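Chain residues, written in single-letter form:
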Amino acid sequence: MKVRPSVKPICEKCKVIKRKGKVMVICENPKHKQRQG
Amino acid sequence: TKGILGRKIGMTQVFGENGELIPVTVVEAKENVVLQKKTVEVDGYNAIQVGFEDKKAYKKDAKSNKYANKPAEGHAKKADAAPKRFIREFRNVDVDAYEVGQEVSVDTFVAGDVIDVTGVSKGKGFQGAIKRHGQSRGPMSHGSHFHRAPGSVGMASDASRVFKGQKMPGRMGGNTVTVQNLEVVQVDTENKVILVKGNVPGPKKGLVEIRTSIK
Amino acid sequence: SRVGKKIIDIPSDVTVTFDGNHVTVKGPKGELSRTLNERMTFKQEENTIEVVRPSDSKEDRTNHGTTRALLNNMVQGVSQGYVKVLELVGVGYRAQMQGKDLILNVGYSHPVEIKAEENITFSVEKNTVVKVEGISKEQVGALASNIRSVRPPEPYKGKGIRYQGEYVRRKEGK
Amino acid sequence: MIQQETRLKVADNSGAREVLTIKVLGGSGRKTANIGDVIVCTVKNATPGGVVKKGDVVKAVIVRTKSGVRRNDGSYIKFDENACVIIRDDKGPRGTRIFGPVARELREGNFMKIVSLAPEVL
RNA sequence: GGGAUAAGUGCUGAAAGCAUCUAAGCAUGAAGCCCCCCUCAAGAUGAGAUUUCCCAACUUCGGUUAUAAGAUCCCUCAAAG
RNA sequence: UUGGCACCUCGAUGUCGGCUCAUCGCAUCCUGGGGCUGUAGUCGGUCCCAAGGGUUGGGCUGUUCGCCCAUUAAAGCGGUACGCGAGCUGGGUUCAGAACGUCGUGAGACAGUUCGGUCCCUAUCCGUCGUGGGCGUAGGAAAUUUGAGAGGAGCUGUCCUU
RNA sequence: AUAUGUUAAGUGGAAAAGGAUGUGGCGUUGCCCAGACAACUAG
Ligand SMILES: [Mg+2]
Ligand SMILES: [Mg+2]
Ligand SMILES: [Mg+2]
Ligand SMILES: [Mg+2]
Ligand SMILES: [Mg+2]
Ligand SMILES: [Mg+2]
Ligand SMILES: [Mg+2]
Ligand SMILES: [Mg+2]
Ligand SMILES: [Mg+2]
């Protein structure tokens with residue numbers, strides 16, 4: 001989890017979705033987990 | 001469980017096992033015959049009320065309160081025992097058993113059943129600041145005229161009030177207090193007293209209701 | 001919905017007896033799972049029970065697939081019966097049983113335990129590999145997650161409870 | 001009790017003769033002490049020779065404080081001198097020949113090299 | 001010891017035939033919130049509840065009264081002050 | 001915090017530190033829960049949710065601040081008239097004495113030092129902490145009580161077993 | 001009240017740079033039952 005005011009796909013395997021609160025991005029490597037928090 | 005209603009008489013020491021000395025408060029627990037009980041069918045809380053030390057007969061010219069009255073006559077005729085002086089609820093235990101008009105016992109407990117204790121305080125009159133609450137006094141020398149009064153109470157005029165709950169000099173007071181988890185070192189039957197561990201509130205020839213623990 | 005006009009089946013000797021809004025699939029492997037799925041209209045005539053409503057609502061076009069897929073989750077498991085496994089890794093583990101209550105020894109100070117539920121045939125058919133069994137896919141995916149949550153996979157050596165086949169990550173260490 | 005800045009006729013054969021306690025180490029805000037605790041302390045007097053020297057902060061166990069101690073039967077041991085033993089930070093003393101009869105209470109706190117090295121222990 | 005959650009982790013699942021913790025459902029999850037512990041509290045005018053005791057003549061109830069039950073005035077003190 | 005503006009107060013709104021006593025935010029110091037680590041374990045970095053409770057004794061200077069010693073689970077940052085003198089000291093700052101450097105030909109001057117320097121009040125009303133009399137509670141009285149509500153308490157270390 | 005729509009956050013009922021498959025009426029264009037874009041098996 002990385003809180004940040006900007007979410008961009010860090011690599012091209014990282015999908016961009018929406019969840020209960022925010023605009024979480026989910027990827028297959030556990031260094032790319034952001035939220036627009 | 002089995003709330004007896006004893007009164008104190010003092011406090012002594014009793015040598016337990018191998019070397020251990022344990023201080024003991026001796027509680028005289030006189031007769032306790034159960035008056036009426038009240039349940040959920042009648043008006044809604046399952047309880048047993050218990051009497052304590054009796055007094056003489058009724059209705060001549062009640063100068064004191066060691067004589068009864070037409071209220072407590074018929075309230076105590078219902079169980080057919082002598083009128084009472086101390087009646088206490090026990091909504092702790094046992095709506096099923098404890099038939100009305102039964103003396104309870106003194107040996108409901110065993111030497112090792114942990115108990116609780118409810119009794120009134122001493123009460124030390126009207127006392128002031130650094131004796132009632134744990135506040136510390138001022139300097140007694142180097143010129144200070146602030147020995148023992150309480151200090152400031154509130155801020156300046158962005159709070160133009162003093163907040164309630166302020167711990168100021170009032171009466172020290174006898175209000176109730178409950179220690180928890182005391183134990184019974186020894187039970188007597190024939191002299192009709194018990195013992196407890198440590199020390200309970202409420203000065204000599206007082207009143208203290210004890211009951212089972214809630215650990 | 002792309003699974004809109006894509007009714008699954010009604011292939012069984014079971015009977016999807018609709019009432020109120022639900023069904024009760026009274027079938028071979030299990031007896032009559034039931035849940036009132038939604039407020040959507042449907043047809044149940046002879047061979048392929050289908051569903052359709054008055055379309056073009058982006059709150060109801062998404063609400064389609066929450067109704068079709070449930071009536072494929074229900075009738076498929078009561079026909080067959082399906083659940084996943086859990087192949088414990090490393091050493092130290094010895095997952096025994098005590099009836100329906102299976103304990104684990106994954107190196108802690110004390111054995112862990114669990115109390116399985118009805119319509120979920122708890123099974124441990126190996127020396128140290130487990131495998132759930134049950135009827136309702138949503139109901140059996142819980143317990144297979146609930147025994148992952150004892151010792152999740154330690155990402156250096158690989159020790160810990162995993163599913164059957166999945167790519168768990170590996171980080172080298174010292 | 002022994003607290004912040006007491007002065008103690010130490011009992012060891014290791015050069016110090018009087019020490020003073022900076023802190024009674026233990027819990028937070030610790031104030032008092034009695035037999036079996038450990039205090040940190042800096043020497044003032046010094047015997048010529050010895051081991052330690054004047055102005056050296058050393059850690060040191062407490063032995064035989066002036067007020068009593070209540071062992072669990074009802075007894076009391078009141079001595080007549082505050083005293084001390086300088087420890088090696090392995091719960092053993094420096095020298096060998098500590099004087100001055102020692103209370104028994106410092107045994108559960110594994111000080112047992114002091115007790116065997118001592119005269120009459122109560 | 002309980003009940004719902006925040007961060008987070010999950011199962012099932014379309015929108016968007018795949019994935020996907022979520023949109024409708026189902027979990028779990030903290031010295032934190034409420035019930036539990038002790039203390040006060042029916043002036044809570046929304047004035048609650050049980051048991052027990054007492055019930056009359058003047059008289060157009062104007063109640064004139066004069067009492068019960070139960071208190072109190074007044075005294076000897078104190079476990080209270 | 002350092003300022004800018006001059007809007008209220010000169011028919012007086014007492015001014016720095018410290019003791020007494022608190023009360024409130026969270027941008028969190030410890031403790032509780034997680035993600036992520038260029039995380040072997042024990043330690044550690046960084047970020048999210050979280051105010052329930054804790055937050056030390058001494059030397060130095062008037063000190064604030066600061067450095068230093070010994071600890072602790074930690075020695076948090078702030079507001080509350082830079083909280084609190086009709087509750088307290090007066091050490092400095094802002095009173096008359098005197099002196100030193102210095103500027104002024106002189107009287108004298110100095111956010112430069114330096115020694116000595118009076119701190120007033122019996123509580124009306126609100127606010128508090130206790131504590132009693134009248135009346136209400138559709139007949140009077142005693143005893144025991146239910147609990148809408150409201151207060152109180154909430155902290156942690158070290159050793160041993162696996 | 002009437003008629004057309006819009007938003008699902010209490011926005012209405014106090015903030016920007018930026019971030020984003022939120023949601024509507026709008027326009028252009030290249031992929032097309034000869035059958036893509038979802039998915040299978042080949043190198
Ligand atoms: Mg300003
Ligand atoms: Mg102007
Ligand atoms: Mg004027
Ligand atoms: Mg004026
Ligand atoms: Mg003045
Ligand atoms: Mg926060
Ligand atoms: Mg706080
Ligand atoms: Mg000095
Ligand atoms: Mg000159």
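How each quantity is defined
- Residues numbered from 1 in each chain as written, not as in the entry; some residues may be left out.
- Chains lettered and ligands numbered in written order.
- Part of a larger assembly, values for the part shown.
- Heavy atoms only, no water.
- Residues with missing side-chain atoms left out of burial classes, pairs and counts.
- UniProt positions renumbered as here; feature names shortened; annotations may be inferred.
- Helix = DSSP H or I, 4+ residues; strand = E, 2+ residues; numbered from the N terminus.
- Rg over C-alpha atoms; globule rule 2.2 N^0.38 Å.
- Contact = heavy atoms within 4.5 Å.
- Pairing = 2+ DSSP bridges.
- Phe/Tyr/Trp six-rings, centres within 6.5 Å; stacked < 30°, edge-to-face > 60°.
- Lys NZ or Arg CZ within 6 Å of the ring centre and 35° of its normal.
- Disulfide = S-S within 2.5 Å.
- Salt bridge = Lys/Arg side-chain N within 4 Å of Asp/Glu carboxyl O.
- Axes fitted to C-alpha atoms, helices over the stretch in contact; angles between N-to-C directions.
- Polar contact = N/O pair within 3.5 Å; in protein donor to acceptor, adjacent residues only side chain to side chain.

In the PDB archive, cryo-EM is given as the structure determination method for this entry, at a resolution of 3.9 Å.

By the naming in the PDB entry, chain C goes by 50S ribosomal protein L6 and is assigned to Staphylococcus aureus. This entry's official PDB title is "Methicillin sensitive Staphylococcus aureus 70S ribosome". The UniProt entry for chain C carries the following text under Subunit: "Part of the 50S ribosomal subunit." Recorded in UniProt for chain C, the comment headed Sequence similarities runs: "Belongs to the universal ribosomal protein uL6 family."

The name given to chain B in the PDB entry is 50S ribosomal protein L3, with Staphylococcus aureus as the source organism. The Function field of the UniProt record for chain B holds the comment "One of the primary rRNA binding proteins, it binds directly near the 3'-end of the 23S rRNA, where it nucleates assembly of the 50S subunit." Recorded in UniProt under Sequence similarities, the annotation for chain B is "Belongs to the universal ribosomal protein uL3 family."

Draft legend 1. Structural detail: the overall build of chain B. Looking only at helices and strands, chain B features two helices and eleven strands. Scaling as 2.2 N^0.38, a compact globule of 215 residues should have a C-alpha radius of gyration of about 17 Å, whereas chain B reaches 23 Å, well beyond that. Overall, the C-alpha framework of chain B stretches about 70 × 55 × 40 Å when taken along its three principal axes.

Draft legend 2. Main features of the overall build of chain C. The helix and strand tally for chain C stands at three helices and seven strands. Taken from N to C terminus, the helices and strands of chain C fall in the order β-β-β-β-β-α-α-β-β-α. Taking 2.2 N^0.38 as the reference for a compact globule, 174 residues should give roughly 16 Å; the C-alpha atoms of chain C span a radius of gyration of 20 Å, well beyond that estimate. The principal-axis extents of the C-alpha atoms in chain C amount to approximately 60 × 35 × 20 Å.

Draft legend 3. Geometry of the arrangement of the chains. Separated throughout, chain A and chain B approach each other most closely at a C-alpha pair spaced 36 Å apart. Between chain C and chain D there is no contact, and the shortest C-alpha to C-alpha distance separating them is 29 Å.

Draft legend 4. Layout of the pairing of strand 2 (residues 21–28) of chain B. Residues and elements named next belong to chain B. Note that strand 1 (residues 7–15) and strand 2 share eight bridges and pair antiparallel. In the sheet register, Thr12 faces strand 2, and the bridge partner there is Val24. Hairpin geometry of strand 1 and strand 2 is characterised by an intervening segment of five residues between the two adjacent antiparallel strands. Pairing analysis gives five bridges linking strand 2 to strand 10 (residues 193–197), with the strands arranged antiparallel. Counted as the bridge partner of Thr25 is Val196 from strand 10.

Draft legend 5. Layout of the packing of aromatic side chains. Aromatic side chains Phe18 of chain C and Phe42 of chain C sit 4.3 Å apart centroid to centroid with 45° between the ring planes, which places their arrangement in the tilted category. Note that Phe18 of chain C is positioned in the loop between strand 1 (15–16) and strand 2 (25–26) and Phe42 of chain C in strand 4 (residues 42–43), a separation of 24 residues in sequence. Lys60 of chain B extends its terminal NZ or CZ atom over the ring of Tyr67 of chain B, reaching a point 5.4 Å from the ring centre.

Draft legend 6. Looking closely at the state of the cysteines. Covalently, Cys14 of chain A is tied to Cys27 of chain A through a disulfide, its sulfur atoms 2.0 Å apart. Taking the sign of the torsion about the S-S bond as the criterion, the disulfide between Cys14 of chain A and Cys27 of chain A, at about -75°, is left-handed. Here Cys14 of chain A, found in the loop between strand 1 (2–4) and strand 2 (15–16), pairs with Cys27 of chain A, found in the loop between strand 3 (25–26) and strand 4 (34–36); they are 13 residues apart in sequence, far enough to count as distant. As a non-bridged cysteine, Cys11 of chain A has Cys14 of chain A as the owner of its nearest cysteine sulfur, 3.5 Å distant. The structure places no disulfide on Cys41 of chain D, whose sulfur is separated from the nearest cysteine sulfur, that of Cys84 of chain D, by 5.1 Å.

Draft legend 7. Up close: the pattern of salt bridges. With a shortest N-O distance of 2.7 Å, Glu209 of chain B and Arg211 of chain B are connected by a salt bridge. With a closest N to O distance of 2.8 Å, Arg30 of chain D and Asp37 of chain D form a salt bridge.

Draft legend 8. Just the sheet that holds strand 5 (residues 88–90) of chain B, in detail. Residues and elements named next belong to chain B. The three strands are arranged 3-4-5 in an open sheet whose pairing can be described as antiparallel. Each end of this open sheet is capped by a strand with a single partner; those strands are strand 3 (34–38) and strand 5. Here the average twist between neighbouring strands, direction ignored, is 25°. One ladder, built from three bridges, connects strand 3 with strand 4 (residues 47–50); its direction is antiparallel. Pairing of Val34 across the sheet is with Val50, part of strand 4.

Draft legend 9. Seen up close, the sheet that holds strand 3 (residues 38–43) of chain D. All names here are of chain D. Taken together, five strands build an open sheet; the order of strands is 1-2-3-4-5 and the sheet is antiparallel. The sheet terminates laterally at strand 1 (7–9) and strand 5 (83–86), the two strands that pair on one side only. Sheet twist, expressed as the mean angle between neighbouring strand axes with direction ignored, is 50°. Here three bridges tie strand 1 to strand 2 (residues 18–25), and the two strands are oriented antiparallel to one another. Within strand 2, the residue paired with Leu8 across the bridge is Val19.

Draft legend 10. Highlighting the side chain of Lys55 of chain B. Residue and element names in this part refer to chain B. Structurally, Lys55 can be placed in the loop between strand 4 and helix 1 (70–77). A distance of 3.4 Å separates a polar atom in the side chain of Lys55 from a polar atom in the side chain of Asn65. The contact partners of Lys55, leaving out residues within four places of it in the chain, are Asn65, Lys66, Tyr67, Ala68, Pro83, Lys84 and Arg85.

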